[PDB]
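For what it's worth, the authors' numbering labels the leading residue of the sequence shown as 1, then goes sequentially.
The beta-carbon is built from N, C-alpha and C at its ideal position, and this holds for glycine as well.
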Amino acid sequence: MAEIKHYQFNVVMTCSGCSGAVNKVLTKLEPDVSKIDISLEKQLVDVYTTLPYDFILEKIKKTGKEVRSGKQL
Ligand SMILES: [Cu+]
């Protein structure tokens, strides 16, 4: 089992690429993740999933940008 928790991350999404790259990573997590939202303006990324915090932090930064911080909700 897992329940869907709401994670929020701040990733340094300044180039018109990394947004797409994270999104592409999301495309693999889709059949597990419940919901996603992504914001360049406010340099933040909200993901509603089962998968643990650390996994997502890695997954995000993996794409190239740094992950500044995040939290769970
Ligand atoms: Cu970027």
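With a threshold of 16 other beta carbon atoms within 10 Å, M1 falls short and is exposed. In this structure, the straight-line span from the alpha carbon of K59 to that of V25 is close to 7 Å. Residues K65, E66 of the same chain have their beta carbon placed closer than 6 Å to that of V12, with the five preceding and five following residues left out of the count.
Contact annotation, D32 with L51: C-beta distance approximately 6 Å; criterion of less than 8 Å satisfied.
At least one heavy atom of ligand 1 lies closer than 7 Å to the C-beta of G17.
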